[PDB]
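S.K.: File query11.pdb below, PDB, N, CA and C atoms:
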```pdb
ATOM      1  N   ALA A   2     -55.151 114.177  47.492
ATOM      2  CA  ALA A   2     -55.519 112.908  46.879
ATOM      3  C   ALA A   2     -54.821 112.741  45.539
ATOM      4  N   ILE A   3     -54.107 111.631  45.379
ATOM      5  CA  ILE A   3     -53.348 111.384  44.164
ATOM      6  C   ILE A   3     -53.848 110.156  43.402
ATOM      7  N   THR A   4     -54.657 109.284  44.037
ATOM      8  CA  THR A   4     -55.391 108.143  43.459
ATOM      9  C   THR A   4     -54.571 107.273  42.500
ATOM     10  N   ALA A   5     -53.744 106.387  43.070
ATOM     11  CA  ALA A   5     -52.601 105.671  42.486
ATOM     12  C   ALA A   5     -52.716 105.149  41.052
ATOM     13  N   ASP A   6     -53.932 105.008  40.517
ATOM     14  CA  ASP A   6     -54.081 104.837  39.073
ATOM     15  C   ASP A   6     -53.569 106.042  38.288
ATOM     16  N   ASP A   7     -53.526 107.230  38.902
ATOM     17  CA  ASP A   7     -52.863 108.364  38.271
ATOM     18  C   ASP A   7     -51.349 108.326  38.428
ATOM     19  N   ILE A   8     -50.833 107.626  39.440
ATOM     20  CA  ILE A   8     -49.394 107.423  39.555
ATOM     21  C   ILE A   8     -48.892 106.539  38.419
ATOM     22  N   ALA A   9     -49.718 105.588  37.979
ATOM     23  CA  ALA A   9     -49.360 104.725  36.862
ATOM     24  C   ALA A   9     -49.450 105.418  35.507
ATOM     25  N   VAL A  10     -49.851 106.685  35.463
ATOM     26  CA  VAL A  10     -49.941 107.432  34.221
ATOM     27  C   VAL A  10     -48.892 108.533  34.144
ATOM     28  N   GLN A  11     -48.705 109.301  35.222
ATOM     29  CA  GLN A  11     -47.927 110.529  35.137
ATOM     30  C   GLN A  11     -46.752 110.604  36.106
ATOM     31  N   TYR A  12     -46.493 109.573  36.899
ATOM     32  CA  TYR A  12     -45.249 109.575  37.658
ATOM     33  C   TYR A  12     -44.175 108.799  36.912
ATOM     34  N   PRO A  13     -42.894 109.126  37.117
ATOM     35  CA  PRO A  13     -41.830 108.403  36.416
ATOM     36  C   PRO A  13     -41.657 106.986  36.943
ATOM     37  N   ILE A  14     -40.768 106.258  36.286
ATOM     38  CA  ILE A  14     -40.594 104.823  36.489
ATOM     39  C   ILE A  14     -39.232 104.596  37.129
ATOM     40  N   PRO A  15     -39.133 103.793  38.182
ATOM     41  CA  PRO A  15     -37.819 103.455  38.743
ATOM     42  C   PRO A  15     -37.132 102.349  37.947
ATOM     43  N   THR A  16     -35.895 102.044  38.351
ATOM     44  CA  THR A  16     -35.018 101.161  37.589
ATOM     45  C   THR A  16     -34.734  99.833  38.279
ATOM     46  N   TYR A  17     -35.467  99.487  39.331
ATOM     47  CA  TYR A  17     -35.163  98.258  40.049
ATOM     48  C   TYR A  17     -36.028  97.086  39.625
ATOM     49  N   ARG A  18     -37.024  97.303  38.772
ATOM     50  CA  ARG A  18     -37.946  96.247  38.370
ATOM     51  C   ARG A  18     -37.875  96.111  36.855
ATOM     52  N   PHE A  19     -37.222  95.059  36.379
ATOM     53  CA  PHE A  19     -37.036  94.879  34.948
ATOM     54  C   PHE A  19     -36.931  93.397  34.617
ATOM     55  N   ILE A  20     -37.478  93.031  33.463
ATOM     56  CA  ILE A  20     -37.419  91.674  32.936
ATOM     57  C   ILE A  20     -36.544  91.690  31.696
ATOM     58  N   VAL A  21     -35.608  90.748  31.622
ATOM     59  CA  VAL A  21     -34.700  90.636  30.486
ATOM     60  C   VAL A  21     -35.097  89.402  29.695
ATOM     61  N   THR A  22     -35.669  89.612  28.513
ATOM     62  CA  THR A  22     -35.995  88.523  27.599
ATOM     63  C   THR A  22     -34.813  88.331  26.660
ATOM     64  N   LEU A  23     -34.182  87.170  26.745
ATOM     65  CA  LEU A  23     -32.904  86.889  26.101
ATOM     66  C   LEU A  23     -33.127  85.818  25.039
ATOM     67  N   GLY A  24     -33.435  86.267  23.828
ATOM     68  CA  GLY A  24     -33.799  85.356  22.765
ATOM     69  C   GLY A  24     -35.256  84.973  22.871
ATOM     70  N   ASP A  25     -35.509  83.766  23.377
ATOM     71  CA  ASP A  25     -36.860  83.302  23.646
ATOM     72  C   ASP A  25     -37.059  82.915  25.105
ATOM     73  N   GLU A  26     -36.099  83.218  25.972
ATOM     74  CA  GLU A  26     -36.152  82.830  27.369
ATOM     75  C   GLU A  26     -35.991  84.065  28.235
ATOM     76  N   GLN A  27     -36.485  83.972  29.464
ATOM     77  CA  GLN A  27     -36.243  85.000  30.462
ATOM     78  C   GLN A  27     -35.118  84.565  31.384
ATOM     79  N   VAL A  28     -34.103  85.414  31.500
ATOM     80  CA  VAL A  28     -32.963  85.133  32.364
ATOM     81  C   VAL A  28     -32.881  86.244  33.401
ATOM     82  N   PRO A  29     -32.791  85.926  34.693
ATOM     83  CA  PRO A  29     -32.743  86.982  35.713
ATOM     84  C   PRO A  29     -31.359  87.608  35.786
ATOM     85  N   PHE A  30     -31.297  88.918  35.590
ATOM     86  CA  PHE A  30     -30.055  89.667  35.683
ATOM     87  C   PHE A  30     -30.124  90.654  36.836
ATOM     88  N   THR A  31     -28.948  91.075  37.297
ATOM     89  CA  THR A  31     -28.848  92.066  38.360
ATOM     90  C   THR A  31     -28.715  93.477  37.801
ATOM     91  N   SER A  32     -27.840  93.667  36.817
ATOM     92  CA  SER A  32     -27.608  94.970  36.222
ATOM     93  C   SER A  32     -27.728  94.878  34.708
ATOM     94  N   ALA A  33     -27.920  96.041  34.086
ATOM     95  CA  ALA A  33     -28.059  96.151  32.636
ATOM     96  C   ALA A  33     -27.800  97.602  32.266
ATOM     97  N   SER A  34     -26.779  97.854  31.458
ATOM     98  CA  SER A  34     -26.473  99.210  31.036
ATOM     99  C   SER A  34     -25.859  99.204  29.646
ATOM    100  N   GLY A  35     -25.816 100.387  29.040
ATOM    101  CA  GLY A  35     -25.154 100.569  27.766
ATOM    102  C   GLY A  35     -26.040 100.480  26.548
ATOM    103  N   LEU A  36     -27.339 100.716  26.686
ATOM    104  CA  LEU A  36     -28.264 100.575  25.564
ATOM    105  C   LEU A  36     -28.489 101.943  24.923
ATOM    106  N   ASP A  37     -27.402 102.494  24.399
ATOM    107  CA  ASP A  37     -27.364 103.866  23.927
ATOM    108  C   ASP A  37     -27.665 103.931  22.435
ATOM    109  N   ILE A  38     -28.001 105.132  21.977
ATOM    110  CA  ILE A  38     -28.184 105.430  20.560
ATOM    111  C   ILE A  38     -27.247 106.584  20.237
ATOM    112  N   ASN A  39     -26.123 106.283  19.594
ATOM    113  CA  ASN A  39     -25.084 107.268  19.337
ATOM    114  C   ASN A  39     -24.884 107.444  17.841
ATOM    115  N   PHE A  40     -24.760 108.697  17.408
ATOM    116  CA  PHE A  40     -24.471 109.047  16.026
ATOM    117  C   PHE A  40     -23.104 109.703  15.928
ATOM    118  N   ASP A  41     -22.572 109.733  14.714
ATOM    119  CA  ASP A  41     -21.388 110.515  14.413
ATOM    120  C   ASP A  41     -21.792 111.878  13.860
ATOM    121  N   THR A  42     -20.793 112.699  13.554
ATOM    122  CA  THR A  42     -21.020 114.073  13.137
ATOM    123  C   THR A  42     -20.264 114.369  11.854
ATOM    124  N   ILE A  43     -20.981 114.863  10.851
ATOM    125  CA  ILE A  43     -20.382 115.365   9.623
ATOM    126  C   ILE A  43     -20.346 116.883   9.723
ATOM    127  N   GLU A  44     -19.237 117.487   9.313
ATOM    128  CA  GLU A  44     -19.089 118.933   9.327
ATOM    129  C   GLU A  44     -18.534 119.403   7.994
ATOM    130  N   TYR A  45     -18.922 120.612   7.603
ATOM    131  CA  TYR A  45     -18.450 121.190   6.355
ATOM    132  C   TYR A  45     -18.470 122.704   6.464
ATOM    133  N   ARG A  46     -17.325 123.326   6.218
ATOM    134  CA  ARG A  46     -17.196 124.771   6.262
ATOM    135  C   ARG A  46     -16.655 125.274   4.938
ATOM    136  N   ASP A  47     -17.206 126.383   4.470
ATOM    137  CA  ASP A  47     -16.695 127.078   3.303
ATOM    138  C   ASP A  47     -16.137 128.432   3.723
ATOM    139  N   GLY A  48     -15.582 129.156   2.754
ATOM    140  CA  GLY A  48     -14.961 130.421   3.075
ATOM    141  C   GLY A  48     -15.927 131.554   3.316
ATOM    142  N   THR A  49     -17.189 131.390   2.931
ATOM    143  CA  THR A  49     -18.157 132.462   3.094
ATOM    144  C   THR A  49     -18.747 132.517   4.494
ATOM    145  N   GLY A  50     -18.680 131.426   5.251
ATOM    146  CA  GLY A  50     -19.198 131.399   6.606
ATOM    147  C   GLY A  50     -20.215 130.322   6.882
TER
ATOM    148  N   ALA Y   2      -5.817 147.856  26.241
ATOM    149  CA  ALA Y   2      -6.534 148.818  25.425
ATOM    150  C   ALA Y   2      -5.993 148.803  24.013
ATOM    151  N   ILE Y   3      -6.736 148.197  23.091
ATOM    152  CA  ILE Y   3      -6.289 148.117  21.709
ATOM    153  C   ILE Y   3      -7.346 148.576  20.709
ATOM    154  N   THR Y   4      -8.631 148.674  21.100
ATOM    155  CA  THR Y   4      -9.756 149.242  20.329
ATOM    156  C   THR Y   4      -9.844 148.786  18.868
ATOM    157  N   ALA Y   5     -10.444 147.611  18.641
ATOM    158  CA  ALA Y   5     -10.365 146.751  17.453
ATOM    159  C   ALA Y   5     -10.435 147.385  16.062
ATOM    160  N   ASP Y   6     -10.751 148.678  15.961
ATOM    161  CA  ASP Y   6     -10.442 149.421  14.744
ATOM    162  C   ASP Y   6      -8.939 149.500  14.486
ATOM    163  N   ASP Y   7      -8.112 149.362  15.527
ATOM    164  CA  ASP Y   7      -6.673 149.240  15.332
ATOM    165  C   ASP Y   7      -6.254 147.826  14.964
ATOM    166  N   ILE Y   8      -7.061 146.822  15.312
ATOM    167  CA  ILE Y   8      -6.794 145.453  14.891
ATOM    168  C   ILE Y   8      -6.988 145.311  13.388
ATOM    169  N   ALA Y   9      -7.923 146.068  12.818
ATOM    170  CA  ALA Y   9      -8.175 146.036  11.384
ATOM    171  C   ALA Y   9      -7.068 146.674  10.559
ATOM    172  N   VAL Y  10      -6.134 147.383  11.185
ATOM    173  CA  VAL Y  10      -5.036 148.030  10.486
ATOM    174  C   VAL Y  10      -3.698 147.366  10.804
ATOM    175  N   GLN Y  11      -3.513 146.918  12.041
ATOM    176  CA  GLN Y  11      -2.213 146.460  12.512
ATOM    177  C   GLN Y  11      -2.062 144.944  12.537
ATOM    178  N   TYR Y  12      -3.071 144.208  12.998
ATOM    179  CA  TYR Y  12      -2.958 142.765  13.131
ATOM    180  C   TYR Y  12      -2.998 142.071  11.771
ATOM    181  N   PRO Y  13      -2.430 140.840  11.665
ATOM    182  CA  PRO Y  13      -2.493 140.110  10.394
ATOM    183  C   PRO Y  13      -3.878 139.588  10.044
ATOM    184  N   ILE Y  14      -3.977 138.881   8.930
ATOM    185  CA  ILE Y  14      -5.247 138.425   8.381
ATOM    186  C   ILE Y  14      -5.263 136.903   8.430
ATOM    187  N   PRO Y  15      -6.318 136.278   8.944
ATOM    188  CA  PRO Y  15      -6.397 134.815   8.947
ATOM    189  C   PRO Y  15      -6.923 134.257   7.629
ATOM    190  N   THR Y  16      -6.724 132.949   7.454
ATOM    191  CA  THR Y  16      -6.971 132.280   6.179
ATOM    192  C   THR Y  16      -8.378 131.732   6.007
ATOM    193  N   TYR Y  17      -9.182 131.661   7.061
ATOM    194  CA  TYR Y  17     -10.411 130.887   6.966
ATOM    195  C   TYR Y  17     -11.570 131.642   6.339
ATOM    196  N   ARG Y  18     -11.460 132.947   6.142
ATOM    197  CA  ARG Y  18     -12.552 133.746   5.602
ATOM    198  C   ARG Y  18     -12.131 134.278   4.245
ATOM    199  N   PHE Y  19     -12.726 133.745   3.186
ATOM    200  CA  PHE Y  19     -12.363 134.121   1.831
ATOM    201  C   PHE Y  19     -13.542 133.851   0.912
ATOM    202  N   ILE Y  20     -13.638 134.629  -0.162
ATOM    203  CA  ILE Y  20     -14.630 134.398  -1.204
ATOM    204  C   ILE Y  20     -13.912 134.268  -2.539
ATOM    205  N   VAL Y  21     -14.469 133.441  -3.416
ATOM    206  CA  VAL Y  21     -13.869 133.131  -4.708
ATOM    207  C   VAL Y  21     -14.861 133.542  -5.785
ATOM    208  N   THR Y  22     -14.562 134.631  -6.483
ATOM    209  CA  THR Y  22     -15.348 135.062  -7.633
ATOM    210  C   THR Y  22     -14.747 134.419  -8.872
ATOM    211  N   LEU Y  23     -15.522 133.590  -9.549
ATOM    212  CA  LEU Y  23     -15.050 132.792 -10.677
ATOM    213  C   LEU Y  23     -15.826 133.200 -11.924
ATOM    214  N   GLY Y  24     -15.258 134.126 -12.686
ATOM    215  CA  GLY Y  24     -15.932 134.658 -13.849
ATOM    216  C   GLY Y  24     -16.938 135.731 -13.498
ATOM    217  N   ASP Y  25     -18.222 135.418 -13.659
ATOM    218  CA  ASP Y  25     -19.311 136.348 -13.389
ATOM    219  C   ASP Y  25     -20.101 135.965 -12.147
ATOM    220  N   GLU Y  26     -19.563 135.074 -11.324
ATOM    221  CA  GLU Y  26     -20.323 134.494 -10.233
ATOM    222  C   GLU Y  26     -19.388 134.175  -9.082
ATOM    223  N   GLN Y  27     -19.969 133.943  -7.913
ATOM    224  CA  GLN Y  27     -19.236 133.470  -6.749
ATOM    225  C   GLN Y  27     -19.653 132.051  -6.418
ATOM    226  N   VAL Y  28     -18.668 131.192  -6.199
ATOM    227  CA  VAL Y  28     -18.886 129.786  -5.885
ATOM    228  C   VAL Y  28     -18.244 129.526  -4.524
ATOM    229  N   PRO Y  29     -18.950 128.929  -3.564
ATOM    230  CA  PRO Y  29     -18.373 128.694  -2.228
ATOM    231  C   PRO Y  29     -17.431 127.494  -2.225
ATOM    232  N   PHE Y  30     -16.154 127.750  -1.959
ATOM    233  CA  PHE Y  30     -15.131 126.716  -1.901
ATOM    234  C   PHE Y  30     -14.690 126.473  -0.464
ATOM    235  N   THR Y  31     -14.004 125.351  -0.263
ATOM    236  CA  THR Y  31     -13.458 124.971   1.031
ATOM    237  C   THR Y  31     -11.964 125.261   1.131
ATOM    238  N   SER Y  32     -11.196 124.907   0.104
ATOM    239  CA  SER Y  32      -9.769 125.166   0.067
ATOM    240  C   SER Y  32      -9.429 125.940  -1.197
ATOM    241  N   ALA Y  33      -8.233 126.528  -1.198
ATOM    242  CA  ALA Y  33      -7.695 127.244  -2.353
ATOM    243  C   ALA Y  33      -6.193 127.350  -2.165
ATOM    244  N   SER Y  34      -5.420 126.837  -3.116
ATOM    245  CA  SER Y  34      -3.973 126.849  -2.966
ATOM    246  C   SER Y  34      -3.307 126.859  -4.331
ATOM    247  N   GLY Y  35      -2.073 127.341  -4.354
ATOM    248  CA  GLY Y  35      -1.256 127.289  -5.543
ATOM    249  C   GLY Y  35      -1.074 128.591  -6.278
ATOM    250  N   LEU Y  36      -1.282 129.725  -5.622
ATOM    251  CA  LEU Y  36      -1.269 131.014  -6.312
ATOM    252  C   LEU Y  36       0.115 131.652  -6.204
ATOM    253  N   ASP Y  37       1.103 130.927  -6.713
ATOM    254  CA  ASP Y  37       2.500 131.297  -6.570
ATOM    255  C   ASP Y  37       2.948 132.169  -7.736
ATOM    256  N   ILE Y  38       4.061 132.860  -7.529
ATOM    257  CA  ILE Y  38       4.754 133.607  -8.573
ATOM    258  C   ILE Y  38       6.179 133.075  -8.572
ATOM    259  N   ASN Y  39       6.544 132.307  -9.592
ATOM    260  CA  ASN Y  39       7.820 131.607  -9.625
ATOM    261  C   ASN Y  39       8.599 132.015 -10.862
ATOM    262  N   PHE Y  40       9.895 132.250 -10.694
ATOM    263  CA  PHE Y  40      10.784 132.629 -11.780
ATOM    264  C   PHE Y  40      11.863 131.579 -11.995
ATOM    265  N   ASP Y  41      12.377 131.548 -13.216
ATOM    266  CA  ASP Y  41      13.562 130.780 -13.551
ATOM    267  C   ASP Y  41      14.794 131.632 -13.253
ATOM    268  N   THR Y  42      15.973 131.133 -13.605
ATOM    269  CA  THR Y  42      17.211 131.843 -13.312
ATOM    270  C   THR Y  42      18.227 131.573 -14.410
ATOM    271  N   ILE Y  43      18.910 132.632 -14.842
ATOM    272  CA  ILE Y  43      19.940 132.586 -15.866
ATOM    273  C   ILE Y  43      21.260 132.964 -15.209
ATOM    274  N   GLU Y  44      22.325 132.218 -15.511
ATOM    275  CA  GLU Y  44      23.648 132.506 -14.970
ATOM    276  C   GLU Y  44      24.677 132.648 -16.081
ATOM    277  N   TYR Y  45      25.864 133.109 -15.686
ATOM    278  CA  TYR Y  45      27.004 133.255 -16.584
ATOM    279  C   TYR Y  45      28.268 133.388 -15.750
ATOM    280  N   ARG Y  46      29.262 132.543 -16.026
ATOM    281  CA  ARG Y  46      30.590 132.630 -15.428
ATOM    282  C   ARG Y  46      31.651 132.725 -16.510
ATOM    283  N   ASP Y  47      32.639 133.582 -16.291
ATOM    284  CA  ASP Y  47      33.809 133.663 -17.151
ATOM    285  C   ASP Y  47      35.067 133.370 -16.341
ATOM    286  N   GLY Y  48      36.201 133.294 -17.037
ATOM    287  CA  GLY Y  48      37.421 132.813 -16.421
ATOM    288  C   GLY Y  48      38.068 133.755 -15.438
ATOM    289  N   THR Y  49      37.701 135.028 -15.451
ATOM    290  CA  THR Y  49      38.269 135.975 -14.504
ATOM    291  C   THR Y  49      37.551 135.987 -13.167
ATOM    292  N   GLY Y  50      36.374 135.383 -13.074
ATOM    293  CA  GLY Y  50      35.676 135.275 -11.811
ATOM    294  C   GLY Y  50      34.367 136.012 -11.737
TER
END
```
How does the structure come out when it is put into structure tokens?
M.R.:
Amino acid sequence: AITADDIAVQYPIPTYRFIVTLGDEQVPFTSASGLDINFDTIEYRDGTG
Amino acid sequence: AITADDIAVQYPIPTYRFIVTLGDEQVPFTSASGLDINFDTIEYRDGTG
């Protein structure tokens, strides 16, 4: 017994059901990708290690 | 078969590992350059060659 209210808590979410709110309107889209969070890298080395 | 105690005697030394003691203390630096020994030159020519 898995009692589907527990599926809504601890099972993962698929990617086929999504609403795109575009400004103040909803527009139906087929695909959506590229919503990444990317940083750069600072590095610094001295002679001691 | 080279047994790295022989690397410490025979192989050269790389530049990236160095410490700089400046007076009574050590300060961690990134680069260090310009420790040259440069001489001038004196000449003399006479008529016989």
S.K.: Counting all atoms listed in the file, a student should be able to say which residues of chain A come within 6 Å of chain Y; what is the right answer, written as JSON, numbers by chain?
M.R.: {"A": [46, 47, 48, 49]}
S.K.: Per DSSP on the backbone, what are the alpha helix (DSSP H) residues of chain Y, as a list in words?
M.R.: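 DSSP on the backbone gives alpha helix (DSSP H) at residues 8, 9, 10 and 11 of chain Y.
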S.K.: Tell me, which residues of chain Y carry DSSP strand (DSSP E), written as a ChimeraX atom specification?
M.R.: /Y:22-23,26-27
S.K.: Once chain Y is superposed on chain A with a least-squares fit on all C-alpha pairs taken in order, can you show it as an mmCIF file with N, CA and C atoms, in the coordinates of the input?
M.R.:
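Output saved as out07.cif:
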```cif
data_model
loop_
_atom_site.group_PDB
_atom_site.id
_atom_site.type_symbol
_atom_site.label_atom_id
_atom_site.label_comp_id
_atom_site.auth_asym_id
_atom_site.auth_seq_id
_atom_site.Cartn_x
_atom_site.Cartn_y
_atom_site.Cartn_z
ATOM 1 N N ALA Y 2 -54.703 113.687 47.899
ATOM 2 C CA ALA Y 2 -55.551 112.852 47.069
ATOM 3 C C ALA Y 2 -54.944 112.707 45.692
ATOM 4 N N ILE Y 3 -54.356 111.547 45.413
ATOM 5 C CA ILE Y 3 -53.729 111.321 44.120
ATOM 6 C C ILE Y 3 -54.176 110.023 43.454
ATOM 7 N N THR Y 4 -54.787 109.076 44.191
ATOM 8 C CA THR Y 4 -55.423 107.837 43.698
ATOM 9 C C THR Y 4 -54.602 107.042 42.676
ATOM 10 N N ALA Y 5 -53.665 106.221 43.165
ATOM 11 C CA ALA Y 5 -52.510 105.628 42.479
ATOM 12 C C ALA Y 5 -52.686 105.059 41.069
ATOM 13 N N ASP Y 6 -53.920 104.947 40.572
ATOM 14 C CA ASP Y 6 -54.126 104.806 39.134
ATOM 15 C C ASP Y 6 -53.645 106.034 38.363
ATOM 16 N N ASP Y 7 -53.572 107.199 39.014
ATOM 17 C CA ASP Y 7 -52.949 108.364 38.399
ATOM 18 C C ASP Y 7 -51.434 108.342 38.513
ATOM 19 N N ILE Y 8 -50.889 107.617 39.493
ATOM 20 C CA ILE Y 8 -49.446 107.445 39.596
ATOM 21 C C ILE Y 8 -48.929 106.590 38.448
ATOM 22 N N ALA Y 9 -49.735 105.637 37.983
ATOM 23 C CA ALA Y 9 -49.356 104.779 36.869
ATOM 24 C C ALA Y 9 -49.333 105.499 35.530
ATOM 25 N N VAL Y 10 -49.864 106.715 35.450
ATOM 26 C CA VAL Y 10 -49.891 107.484 34.217
ATOM 27 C C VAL Y 10 -48.966 108.697 34.290
ATOM 28 N N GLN Y 11 -48.875 109.330 35.454
ATOM 29 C CA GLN Y 11 -48.193 110.611 35.588
ATOM 30 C C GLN Y 11 -46.788 110.507 36.168
ATOM 31 N N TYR Y 12 -46.582 109.698 37.205
ATOM 32 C CA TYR Y 12 -45.288 109.620 37.861
ATOM 33 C C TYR Y 12 -44.268 108.874 37.003
ATOM 34 N N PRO Y 13 -42.948 109.128 37.213
ATOM 35 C CA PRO Y 13 -41.930 108.394 36.453
ATOM 36 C C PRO Y 13 -41.792 106.932 36.847
ATOM 37 N N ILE Y 14 -40.853 106.239 36.224
ATOM 38 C CA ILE Y 14 -40.679 104.802 36.383
ATOM 39 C C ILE Y 14 -39.329 104.560 37.044
ATOM 40 N N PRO Y 15 -39.253 103.752 38.097
ATOM 41 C CA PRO Y 15 -37.962 103.444 38.717
ATOM 42 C C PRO Y 15 -37.231 102.310 38.008
ATOM 43 N N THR Y 16 -35.938 102.195 38.319
ATOM 44 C CA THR Y 16 -35.031 101.307 37.595
ATOM 45 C C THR Y 16 -34.931 99.899 38.158
ATOM 46 N N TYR Y 17 -35.437 99.640 39.358
ATOM 47 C CA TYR Y 17 -35.099 98.386 40.015
ATOM 48 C C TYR Y 17 -35.957 97.210 39.581
ATOM 49 N N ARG Y 18 -37.038 97.434 38.850
ATOM 50 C CA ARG Y 18 -37.940 96.363 38.448
ATOM 51 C C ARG Y 18 -37.880 96.226 36.939
ATOM 52 N N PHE Y 19 -37.270 95.148 36.463
ATOM 53 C CA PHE Y 19 -37.088 94.935 35.038
ATOM 54 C C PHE Y 19 -36.942 93.446 34.777
ATOM 55 N N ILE Y 20 -37.350 93.016 33.587
ATOM 56 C CA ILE Y 20 -37.143 91.644 33.142
ATOM 57 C C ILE Y 20 -36.399 91.671 31.815
ATOM 58 N N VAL Y 21 -35.568 90.658 31.599
ATOM 59 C CA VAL Y 21 -34.712 90.570 30.422
ATOM 60 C C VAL Y 21 -35.072 89.288 29.688
ATOM 61 N N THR Y 22 -35.749 89.423 28.554
ATOM 62 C CA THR Y 22 -36.040 88.294 27.678
ATOM 63 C C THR Y 22 -34.900 88.176 26.680
ATOM 64 N N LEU Y 23 -34.196 87.058 26.710
ATOM 65 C CA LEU Y 23 -32.990 86.849 25.913
ATOM 66 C C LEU Y 23 -33.229 85.683 24.961
ATOM 67 N N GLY Y 24 -33.655 86.001 23.745
ATOM 68 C CA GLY Y 24 -33.998 84.982 22.779
ATOM 69 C C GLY Y 24 -35.387 84.423 22.992
ATOM 70 N N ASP Y 25 -35.462 83.167 23.427
ATOM 71 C CA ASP Y 25 -36.724 82.475 23.658
ATOM 72 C C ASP Y 25 -37.001 82.261 25.138
ATOM 73 N N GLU Y 26 -36.276 82.952 26.008
ATOM 74 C CA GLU Y 26 -36.320 82.665 27.429
ATOM 75 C C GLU Y 26 -36.083 83.944 28.209
ATOM 76 N N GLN Y 27 -36.408 83.907 29.493
ATOM 77 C CA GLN Y 27 -36.100 84.988 30.416
ATOM 78 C C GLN Y 27 -35.053 84.533 31.413
ATOM 79 N N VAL Y 28 -34.035 85.359 31.604
ATOM 80 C CA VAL Y 28 -32.932 85.074 32.513
ATOM 81 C C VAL Y 28 -32.903 86.197 33.548
ATOM 82 N N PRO Y 29 -32.876 85.897 34.847
ATOM 83 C CA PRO Y 29 -32.883 86.956 35.873
ATOM 84 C C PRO Y 29 -31.506 87.593 36.033
ATOM 85 N N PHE Y 30 -31.413 88.879 35.713
ATOM 86 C CA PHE Y 30 -30.177 89.640 35.825
ATOM 87 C C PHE Y 30 -30.249 90.621 36.987
ATOM 88 N N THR Y 31 -29.083 91.131 37.372
ATOM 89 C CA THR Y 31 -28.956 92.120 38.432
ATOM 90 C C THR Y 31 -28.776 93.531 37.882
ATOM 91 N N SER Y 32 -27.907 93.700 36.889
ATOM 92 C CA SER Y 32 -27.678 94.987 36.259
ATOM 93 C C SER Y 32 -27.889 94.859 34.758
ATOM 94 N N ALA Y 33 -28.040 96.011 34.106
ATOM 95 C CA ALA Y 33 -28.169 96.096 32.652
ATOM 96 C C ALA Y 33 -27.846 97.522 32.248
ATOM 97 N N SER Y 34 -26.855 97.704 31.382
ATOM 98 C CA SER Y 34 -26.454 99.050 31.003
ATOM 99 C C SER Y 34 -25.844 99.040 29.612
ATOM 100 N N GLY Y 35 -25.881 100.199 28.971
ATOM 101 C CA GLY Y 35 -25.220 100.389 27.702
ATOM 102 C C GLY Y 35 -26.114 100.440 26.491
ATOM 103 N N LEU Y 36 -27.397 100.730 26.661
ATOM 104 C CA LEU Y 36 -28.347 100.649 25.552
ATOM 105 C C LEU Y 36 -28.517 102.023 24.907
ATOM 106 N N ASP Y 37 -27.400 102.554 24.426
ATOM 107 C CA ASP Y 37 -27.334 103.911 23.914
ATOM 108 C C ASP Y 37 -27.628 103.937 22.419
ATOM 109 N N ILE Y 38 -27.961 105.125 21.930
ATOM 110 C CA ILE Y 38 -28.102 105.400 20.504
ATOM 111 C C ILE Y 38 -27.173 106.572 20.226
ATOM 112 N N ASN Y 39 -26.061 106.321 19.546
ATOM 113 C CA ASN Y 39 -25.018 107.319 19.358
ATOM 114 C C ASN Y 39 -24.768 107.531 17.876
ATOM 115 N N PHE Y 40 -24.621 108.788 17.475
ATOM 116 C CA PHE Y 40 -24.356 109.158 16.094
ATOM 117 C C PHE Y 40 -23.006 109.845 15.962
ATOM 118 N N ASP Y 41 -22.450 109.757 14.762
ATOM 119 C CA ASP Y 41 -21.284 110.531 14.378
ATOM 120 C C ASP Y 41 -21.751 111.890 13.859
ATOM 121 N N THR Y 42 -20.824 112.695 13.354
ATOM 122 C CA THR Y 42 -21.160 114.033 12.887
ATOM 123 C C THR Y 42 -20.267 114.404 11.714
ATOM 124 N N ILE Y 43 -20.875 114.991 10.684
ATOM 125 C CA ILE Y 43 -20.202 115.444 9.479
ATOM 126 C C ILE Y 43 -20.322 116.960 9.425
ATOM 127 N N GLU Y 44 -19.224 117.646 9.102
ATOM 128 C CA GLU Y 44 -19.228 119.100 8.985
ATOM 129 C C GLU Y 44 -18.697 119.544 7.630
ATOM 130 N N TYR Y 45 -18.856 120.841 7.368
ATOM 131 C CA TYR Y 45 -18.358 121.477 6.153
ATOM 132 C C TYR Y 45 -18.329 122.982 6.368
ATOM 133 N N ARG Y 46 -17.172 123.601 6.131
ATOM 134 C CA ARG Y 46 -17.010 125.051 6.142
ATOM 135 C C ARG Y 46 -16.436 125.528 4.820
ATOM 136 N N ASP Y 47 -16.961 126.637 4.317
ATOM 137 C CA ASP Y 47 -16.407 127.306 3.151
ATOM 138 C C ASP Y 47 -15.989 128.725 3.519
ATOM 139 N N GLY Y 48 -15.354 129.409 2.567
ATOM 140 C CA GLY Y 48 -14.720 130.678 2.861
ATOM 141 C C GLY Y 48 -15.659 131.836 3.089
ATOM 142 N N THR Y 49 -16.917 131.714 2.691
ATOM 143 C CA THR Y 49 -17.874 132.787 2.914
ATOM 144 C C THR Y 49 -18.512 132.742 4.290
ATOM 145 N N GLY Y 50 -18.368 131.644 5.021
ATOM 146 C CA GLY Y 50 -18.870 131.565 6.376
ATOM 147 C C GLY Y 50 -19.969 130.561 6.594
#
```
S.K.: In Å, how far is it from CA of residue 50 in chain A to CA of residue 22 in chain Y?
M.R.: 15.2 Å
